[PDB]
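First, one chain by itself: the form deposited in one PDB entry, in structure tokens.
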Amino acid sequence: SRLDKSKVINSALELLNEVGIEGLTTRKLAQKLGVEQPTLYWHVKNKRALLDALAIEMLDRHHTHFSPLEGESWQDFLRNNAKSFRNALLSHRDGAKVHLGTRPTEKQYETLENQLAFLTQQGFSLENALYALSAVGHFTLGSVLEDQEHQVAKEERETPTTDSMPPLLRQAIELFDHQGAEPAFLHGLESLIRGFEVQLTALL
């Protein structure tokens, strides 16, 4: 009958792992909690609010490199931040779908101001710092979203033979599956950082 933040978020993350993001509804959560829906409303007004709370919790638990570390290079900060963000998105079933569209709350503002102060002090324009961080965020989401979906689709589709593909495509696809999700993420992340370096050197 009684709720608080921690009770509602712990039950919701277990439900997310049991049923996935489409399966998750405020009604199913109230039931798992053994509470009536109007008690739950004061804590999560709707699905959207629930998703946002769950995305923030996953970052609070697993996003260890949210903020720059003294005395990291900007390149190491961007790589570590992306890796940490990725770990948060992979922490739960459909975690990156949970994260899409999330807004910062006031408790992240200090962190997010420090990221920008740090990059601009490294020589980035404000605009270039914003889009370096945006590009890292969009590439990391895309990466995890595509990974997480192939995983789901395999219960649902005939598993494809590569035998009949033409030679370069066969070799590329077999190599992409062989090396797996983390090497593809690290290769793209490195290409982004190299591009940021090139653009920064110009500018100044």
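The term rigid core refers to the most C-alpha atoms you can superpose between the two forms while keeping them within 1.5 Å. We number the residues from 1 along the sequence you see.
Below: the form deposited in another entry, not depicted.
Fitting the two forms on the rigid core leaves the C-alpha of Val44 displaced by at least 2 angstroms between the shown form and the other one. Comparing the forms between the shown form and the other one, the C-alpha position of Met58 differs by less than 2 angstroms, with the core used for superposition.
The two forms, fitted on the rigid core, differ between the shown form and the other one by less than 2 Å at the CA of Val136.
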